[PDB]
C-alpha cells in the first residue's frame, strides 16, 4: 500500500514529487491500494506557485489512482530549441539540489530568452509528443512564469499579460498572466520573489499527442509522468 508517492523522498510532499522538485525525484513504486491522505495537496518548496489558479493540486491524487507511476527518462521536448528564439533554461535560488543552490522542477523548463527578448512574440505552438510506453497514460506538466512590470520587460521583451492554452484529449485550458500585485508566497522555498509561476497538467491518452500555445515566460514540459493501471484509493 502506498501512502507517499515517493518513499525515500524525505522532506518532500506528494505535490513536490509530482512537480519533480529538486531533491524530490526518486522511485515511485506500484501499488494496488492507496490512501488519500491530502484533500488539498501542498508543496513544501521551490519557486512559489499560485496553486489554486489551476487544478494542479489534484495531480498527486490522480497519480495515486494509478497502479504504476513513473517519471519519464527523456525530455518530452527540446526546451532550448523550442519556438520563440533560443532559450536558456532558467533556475532559481529557491530550488536547490545536492550540488547546486539553484535549480528548477524536473517536469518543466523555464524558457528564458537570450537577447531575443526584445521581441515580444505572437502566440507560439509546440506539439507535445507521446513518449510513454505503448499502453501508458502520459501526464504532461507545464506552466508559465510571470513577474512585475519592470522584471517582465527585463526578462522578456514584454510587460503585458501573456496568454497560454493547452489541448489534449478534447480538453482545452486557457490562461492570461498577471503582472505585479501578486498573492503572498506560500508552500515555496522561502526566499522573496517578485514573480510567481502557474503550473498545470494535461493528460495524453495512449498514443495521443498534446499541444501548448504560449508566449513569453512559458514553462515547457520536460519529464512527464507515465502511468498505467488502476489503484484502489481509500
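Positions refer to the first chain, counted from 1.
The stretch with the higher mean CA B factor, choosing between 153 to 161 and 76 to 84, is 153 to 161. Relative to its counterpart among 112 to 120 and 85 to 93, 112 to 120 has the higher mean temperature factor, C-alpha atoms as listed in the PDB entry. Highest C-alpha temperature factor among 53, 32, 208, 70, as the PDB entry reports it: 32.
When the C-alpha B-factors of 194, 166, 28, 204 are read from the PDB record, the largest value belongs to 28. The entry lists a Cα temperature factor for residue 41 that places it in the highest third of the chain's modelled residues.
Remark: residue 220 belongs to the lowest third of its chain, ranked by C-alpha B-factor as recorded. Ranked against the other modelled residues of its chain, the C-alpha B-factor of residue 146 as given in the entry falls in the middle third. The entry lists a Cα temperature factor for residue 98 that places it in the highest third of the chain's modelled residues. The deposited CA B-factor of residue 10 belongs to the highest third of values across its chain.
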